[PDB]
Structures are given as structure tokens and as C-alpha cells.
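As written, the chain order gives the labels A, B, C, D, E, F, G, H and I, with residue 1 at the start of each chain.
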Amino acid sequence: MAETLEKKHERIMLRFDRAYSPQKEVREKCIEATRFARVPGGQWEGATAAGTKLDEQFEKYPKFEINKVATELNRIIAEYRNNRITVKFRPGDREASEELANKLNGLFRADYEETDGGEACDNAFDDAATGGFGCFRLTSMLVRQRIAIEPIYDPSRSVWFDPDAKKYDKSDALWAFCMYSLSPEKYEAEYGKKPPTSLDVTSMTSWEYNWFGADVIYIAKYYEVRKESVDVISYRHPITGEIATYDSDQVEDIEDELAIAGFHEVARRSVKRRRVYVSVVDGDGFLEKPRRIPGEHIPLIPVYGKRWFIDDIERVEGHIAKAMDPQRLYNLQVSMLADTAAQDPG
Amino acid sequence: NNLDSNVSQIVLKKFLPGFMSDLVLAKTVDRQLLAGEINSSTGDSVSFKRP
Amino acid sequence: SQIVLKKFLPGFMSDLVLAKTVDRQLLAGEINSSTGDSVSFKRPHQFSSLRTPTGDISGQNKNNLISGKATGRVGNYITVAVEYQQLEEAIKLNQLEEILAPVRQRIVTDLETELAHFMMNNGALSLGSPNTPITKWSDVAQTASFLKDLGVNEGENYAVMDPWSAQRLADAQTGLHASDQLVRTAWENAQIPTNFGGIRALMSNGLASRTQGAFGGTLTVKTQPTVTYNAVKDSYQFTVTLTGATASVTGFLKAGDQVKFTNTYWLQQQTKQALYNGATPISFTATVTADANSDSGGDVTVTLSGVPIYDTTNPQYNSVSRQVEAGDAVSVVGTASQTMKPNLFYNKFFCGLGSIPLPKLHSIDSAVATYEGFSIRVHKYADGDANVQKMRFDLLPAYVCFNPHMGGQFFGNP
Amino acid sequence: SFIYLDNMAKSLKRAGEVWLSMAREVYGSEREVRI
Amino acid sequence: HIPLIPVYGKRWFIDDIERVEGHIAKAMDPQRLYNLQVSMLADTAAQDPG
Amino acid sequence: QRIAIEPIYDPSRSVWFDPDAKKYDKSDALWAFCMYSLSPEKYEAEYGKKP
Amino acid sequence: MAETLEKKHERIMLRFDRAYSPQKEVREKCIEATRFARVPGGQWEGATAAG
Amino acid sequence: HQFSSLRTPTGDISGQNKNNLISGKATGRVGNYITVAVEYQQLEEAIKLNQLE
Amino acid sequence: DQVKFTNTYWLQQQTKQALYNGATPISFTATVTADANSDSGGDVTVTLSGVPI
């Protein structure tokens, strides 16, 4: 039953390991594809330092790079950004359907415009088209309460889902992860200076890349869905409609209804409901204790370029993976032509 | 060589902390009885009766 | 035997508590291009009163105004340099960054060993017999009690103990009778709380060690020293000669030994009253600063940090019950030549620590690496055409000692 | 040039938002009162 | 808000670092190789006229 | 009072942002820098010749 | 609390250092690209004196 | 790697010594196969072997 | 089997200062890797893992 937070922590760690084990190589391919397509020097990684003594020196082999695999991807990105798309609500065959739909897509449009919806969509589509996996988040912020759209950076190494979820939208997911990097100064700015920093281990980066700063700390948010027993109160005010069932989170004392326009009536019906909790964890303990978010689904929305289910593991592809070998062979051919031509001029 | 005349030997205007003590007896002794009793007219000393 | 992993194997490293606990506030950005290589801070003033029954005495013997200083300066360079064939190094090492990780560690580890030696060499107060380790609660509580008895309040006190010694305190804590939180924490993590007995306790594996140094004979003072405030108002150091020693021994007194004067006791620095340690008064102690030899006839001249001022014309600055004079009986703590790792206790405003920024060398490529607030200047050059490239790392520290009478060493007592 | 123009447009949107936040304390708040 | 308004040509977030690119980065090697080829042709041509 | 628009020259070596900011427009930035060059005569004209 | 302006200054310096540290090798590429495209002699830079 | 530091009042390292890059490697090897083998007849399969899994 | 060298002490690997468990320094220990045999004269040659460099 694990009353202590300590006993719940190693369960979270085990779940993270179980989720990380299978989906390890596909994300490696996605990261390699993005790095190959965008990083200025990423087309020769894995052989950055290669050469022979040449009589008391160690000349490195000449390695040139002519990027030709990004034009078609840029064309795709331009085609998308020319005609953006957004969720549209359609009415039904009722008397108030049109007005309901108008209010719904007015409120949704306001939320999308007064927040980072455009940034989230652009980044998600860019990552999906380049590597194959993209995501963005849909959380709630207070400014009294509102719903905000936020982007996710490094989805390939930052988003991990339940291994038993096989749908495109991960509807049958029971828990989920969202990792992000942080700086130590902000680490003591938030939380506390008292406990030393500890970061989750993934052995993911430094994979054929230069690293200079060990000043990054990996912190993960963790989402669960739980079925719990909750009792509701059915107010039966005769005036302004009689039947109105509300949960026990709002009470005549919690919110000052004062039974002015509300009657107790029946308040014994308890039903099981689906609720979602969020928390912030690290490699040692709980940074923030679990708290329930106002929703029913995991607020993570994954975006895929091409996705298939081949052997008990989902596999993704973008638009760069298929052209790696001809490009990295063309570069070698160009280099071996250039040095040989320069060897003997006349 | 010999750049010592360019620099100056300064003393910051900040004092280091020192030692202090605490006072407990003056707050606990009796002081209401001998409150203004010794005046110009009384003199060097003044007296109280015994039971 | 050819497939070699690109990921390095794990290594070893110590921890940092001294640099974090010492005062890094006063000595920061003050040794600039204009102040020179040293700068001094001021010292508080003290006054003494007179007891007379008359009032029209407007002309009498008044006090005096004497101003002191505490001077801090810069230390030697912390330099690490490697010579190597850069092509052979770059065969399999991208950007030369594998070197960076275990180098910042050596520079950071060495500064901490230097700070410990300075704190040990300049600290004055001593407690307990060096032979006995720390086993109980009183061994830790005594430092806080003594610091409170001296009269220091402003700041916050600290103590650092070896890891094996803490295992013992946690074992003792597991024996409590009513604090279930404490018992559970000690049983699970073997972790003592933050404030232990009125002082903040720290556990550290990286800590300096010292040797006693051979000595023998009933030492005593030969010539009366001068301990007036006018003489010792700038350093709190004084020199003294001792007789009755061994014939001729090299390294008679190492740096860090504690010499105890039997008949001179400490004073509460405000009320100027003696100190009582439950059953016996506390005697005055001083710390050897530099190594002292012994010549024929058994005469040793030494310099000690911490002064027992008994000025007779400026009584307000006294810090000892009586004046040290010829024929007094002195001793030294510990045994002949044992080696030990001392345990330290100190106030916030005891020793400082500062860094001097270093400019870039002309026409030589360089970089700056930050590591918990310490900036290391790295330079690279290729002098000589034998493919011998060289890289160097530099850091320049600076130290100051404010008041030697607010820190020192402590051990366990039976 | 489409990607550069799009990035410029989305930077201009942010600049306009900053100007909107700035203008309230300089030109004052706006109220609709004529009736 | 901070009144600094950045403008990026092409921007991405790859490995904990913001990366930017314009329109000259990709074609540096072909140009700086073409120049060398032209120079090594010119000097050889000037060497032996007839 | 009026709001003005001014350009920045050499952005790549003049503009630096908070390293923990990750958005395109850097909304989530807590501090920033803006460097620029100056001549000794103008540095004396503003501020003062004293420092 | 950073009471004095001198105490405030080195925090600013440290923040500048922390901001400059990560974003270094990208601005070099940007400056190199600008110099290569615009400066009359920038296309052969780095090997100006070769013989 | 492990290194050592030098001390100098001014930083002159003209006549000092400099550290070298000594490389050390730790080796790993394979062991021996673990093999479990069984055999049996087709007639036994037909008339006697049930619940083989 | 485990062999203890009485008069050689461990070191904190980074600091290089000796290790003391209270008042008794810790003694270096090593482990026998292969079976050894004793010949006449009380001489045995052994191979140990972990070295006192």
C-alpha cells in the first residue's frame, strides 16, 4: 500500500526503467536523424578524429560536407506553415447546437491565441517532420483559472509513455513521464538549497557529441490516472431547475452557497471516477507532492511523422532516415576526389 | 620592475565583530522598593524595617 | 582488444565544506589593481573605567586610543600543466574535454587542503586529548560550550569530523529512548541532524593530517616576552624562547602543535573574569606557526599565534589572568611523534577566502571554466615545433585571518 | 524566403505584444465614455 | 517584459542548446574549394606558355 | 513621454540571454545583457573623467 | 540580500559568464558566415599568410 | 586520469616538470557456454509424452 | 583467501592523506586469485588482485 513517499519513489523508478528499456534505439535513430539534418557538423559524426601519422605528424583525413537532404524537408515545413490548421467544433441536430459550438470554438480560439499554441504546433510539426516523434503539452495555469498550451523540447529523450499503450493517441495509458533539463542556480531558486542536486540517469547524450557543461540537471514530471471512490451531493433547489448533481469538492462551506439557491436533498450516492495526478520527482525523492489536475486524460499529445506497429514495439520515421547512406557516401567521394586532384597539379 | 609607487595601501572602513556578554541579574533583583528613596534630603543611606 | 568504449570509467573525488562554510563576503573583489597585493581590515575598540567617589575631578588619568589592523594577502599559484603530443591525444579524444573533468578536481581539492592547513596552523583554541577519538555527545557539545563561554555571538559556529567518527555519533543516536524520528533516521541513513549540541556539525572525508614531531624534557620559559597591545596590535603573534629541552633534535616542533601555559588562564573577553571548566580552570594555549629546531643546550626560539596580553598601562585589552614571566611551566599537547587527522571547530568570522581574477595572455588562446564559484583560467600554446602542445590551468587564492582567538582544534576527552 | 518571412512575422507579433504591454503605463489606460 | 526582441533565420533546439542557421552556412565548403581549384589552375596555366 | 524603436548592431556578439530560457521569443527569461562599443571621448562626455 | 552595489556587481559578472559559456560555438559560426559572405577578403581567412 | 599541481609565487614553470598522459585499460572477456541437452524417441513422443512443456 | 599487509595503509584516493579508523589505521588487503602450493622451505608464490601502487 506504500504509505510513505519513499516506497512510492522506487516504484516510479522501476516504472521509468521499464518504459525506457524497449523504446531506446528508435529514439537513438530519431536523435541521429535530427542531428544529421540540422547540426552544422553532424554529417561526419562517429569519425570526427580520423587520420594517420604521415611521418611524425598526425594529419586528419580531409572531411567535407555538402548538405543536400534538407531542401525537401524545408519544402515540407514551408507547405505546412503556409496553411496552418486548428481544431474546429461542428454543431449537431439540436436547438442550441450552433450557439454551443460557437461559444466552444470562441473560447478555444482565445486560449490558443493568448498562449503559446502557435509555438507548440510549429515545434511539434518540425520535430515530427525531422526525426519522427513530436509532442506538446496542455496544462492549466492561474492568472482565475485558465487552460494553456505549452511546447515540449527534446520530445525524443524527454517523453516516455506506458509500455502497454499501443494506440496512436496513447488513450490506454496508465502513467507517463515528461523530462526536462535545468540549471543549478534555478534549482536552488525554486525548491531548496538544503538537499544536494541529483539527476536521473539515461545514458542518452554524449553519443557522438561534444560536451562541455556538466551543469545540467534532469527533472521529470510524472502523470498517473487513478480510479477512486468519490461521493457527490445532488442539490434539488425547486427554483431554476431541480436536478443538479455536484461532487463533494465544492461544499456549502467551501463555496459560500449558504443554501440560498440550493437544497441538500440526497447526498449519499458515491460513484467511482477517473482522476489524474501530477508530481515532480528526481533521482532521490519527491520535489513536489502529488496533486490532482482538473481533467480526465493525460495532457500529453504526441505527434508522429510516420508510425507503425511491427514487433510489440512502435516504430517511427520522419524524412531524413532514408537518405543517410547516399549522402555520407557522396561526401566521402567528394573528399577523395579533392585531395587526389590537389596532390599532383601538373 | 618597481611598480610599488603606482599602488596605494588602503584600509577599509569596516570593523570586525567583537565579544559581548549578557545581563540577567539586573533584570531579576528587586528594584521597586529602592525607587527614588535616596534623595538629596535623605543622604548617603536609607533604612527599612524588619518583621 | 581493439574495441574500446568511448565512455570513461568512474573515479574518486572528495567533498567541499570548508570553502562553503568560511566567510567569503569581506574579502571579495577588494584585492584589485590599485590596492596592491594585501589589504587590512579594522579592529574593535575597548575601554576601561575608573572607580572614584568625587565628581569635580574633571582632570585625571583618562583612557587611550589605539587602532589595530588585520591584514590579508594573496597566496601562491595553483598550477597544473601537461605536456603531450596533441595529435596522439586527439586520435580518439574530441575537443580535448576528457582532460577537463579530472583537472578542475585537482585544483579544487588542493585549495581545500591549503585552507585546512592554514585554519589548523593559525587556529589557537584547543580542547581534549589528541589520542582519544570522538565517541560521545559531550565531545561535540564542549566546543559549542567553550565558544559560548568566550562570549562570541554574532555569526554562526561550525564543526567538521571524519566519516568514521560520525558512524559513532549515529550509533549513539540509535540508542535514544523517546525521539522516534531521530531513531528512525539514524537507523535508516545513519545521518545525524543539522544542529548537533548547539553547533552545526559536518562530516568530511577530505581533511588534512599532521605529525606531532619529536620532543622531550620539562620545558619552561627562559626570557620574559613582550605581550603589550602596542607590540602585538597588528598580528596577534609573538615570539618566545624555551629552555630545558633535548640536546640537539632537528624538527623539534612541527607546525600546528599546541603549547599550553599552566599558570595563565583565559578570560571572558567582556567581563574580564576567569573561566571554570567544571572542576578546573582553563589554561591558555598557543599554536606553533613555523617549524622550530633545537640547538645544543636545549634552547628553542619559536613564534606562536595567539597572544596573552597583560598590558599594565592599557588594561582594557587584557586577555589573560597574569603575565607570562620567566620560570613559568609550559607543556605541549599530545605524544612524541604520532600522526593524526584533527577535527576542527570555528566561527564564521575566523578566516577568509578570496579569488583574484586572471587576465588573458596576449595572442594565446584560452578559456574560463567555472566550478562551484571558482573560475579556472585555461591557456593553450604550442611552443616548439616538435608537436608538443601544452595546456595550463591557473587559479589565484587569497587568505586573511581575522581573530585567532575564535577557532582551533579539538579532540575527544575521556 | 518563406521561412525567413514567417519567422520575421512571428517576431513582429512578439514586438507588438511588448509594445502593447508597454504603452499602458506611458499613454495611460483607455476607456470608452461618450454617452 | 524584457524589451529585447530577437529575430532568427532558422532556429532549433537539438541538445540542450539553441542552434541557429541562415543561408551561407551550407555552401562554405564548395565555394572555398572552387576558389582553390581556380587558383591552382591559374598558376599551372601561367607556368609554361608554349 | 514616448516609446521609441532602436536597432542593435552585432547581435551575435552583443546580445546574450538567460541560459534557462528555451522559447523562440524568450518570454521565460529572467535577465539579459546588451553590449556595445564606446570611445574614450564619449565615455568622458557622459559619466565623468573621474573613474 | 546583496545590500551593497559592490555585492550586486559580481553577481552580474557571474551571470554574464554563465550566459556566455553555453552559447559560444554557434556565434563563432554566425560571425564566420557573415565575414565569409560580406568581407572582401573573408573567403580565404585563416590562411592569409601561406607560402 | 590523475594529475598533480605545482606551486610558484609568480607562475614561472620554465624549469619545472609537466604531467604526461599515461593510458590504462581494463579488459573484459567471454566465459564458457551453458548448454542443456535432452533427447528422446518418436515412439515415446507418440505413446508416452504428454505435457511436454 | 584474503591477505593483510600490516604496515601499509590505504589512502583517500583524491586527497592522498592516510586513513585512520579512530586510533587504528586501516591495513591494506588483497585477495588470492589462483590456488597456490607450498614447496620445501616454506615458500609460496601467489597472485593477488588489487595492488599497492
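Assorted remarks:
Convention: a residue touches a chain if its C-beta (ideal position, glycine included) is under 8 Å from a C-beta of that chain, and two chains touch if they have at least 3 such contacts.
In UniProt terms, the chains line up like this: C = Gene 5 protein.
Taking C-H and A-D together, the pair of chains sharing more C-beta contacts is C-H.
Separating the CA-averaged centres of subunit E and subunit H is a span of 45 Å. Remark: subunit D and subunit E have CA centroids separated by 36 Å (rounded to whole angstrom).
Averaged Cα coordinates give subunit D a centre that lies 62 Å from the centre of subunit H.
Work out the mean CA point of subunit C and of subunit G, and you get 41 Å between them.
The multi-chain contact residues of subunit E, meaning those touching 2 or more other chains, are 1, 5-6, 8, 11, 13, 18-19, 25. Not a single residue in subunit H touches at least two other chains.
All chain pairs that touch, listed by label, are A-C, A-D, A-E, A-F, A-G, B-C, C-G, C-H, C-I, D-E, D-F, E-F, E-G, F-G.
If you check the complex, the residues on subunit D that touch subunit F are 10-11, 14, 19, 22-23, 26.
Within the complex formed with subunit F, the subunit A residues making contact are 116, 119, 151, 153, 182-183, 186. Subunit A meets subunit D in the complex at residues 74, 77-78, 81-82, 118.
The part of subunit A that touches subunit C in the complex is made up of residues 48-49, 51, 56-58, 60, 206, 210-212, 214.
Across the complex, subunit E is touched by residues 22-23, 26, 29-30, 33-34, 36-37, 43-44 of subunit G.
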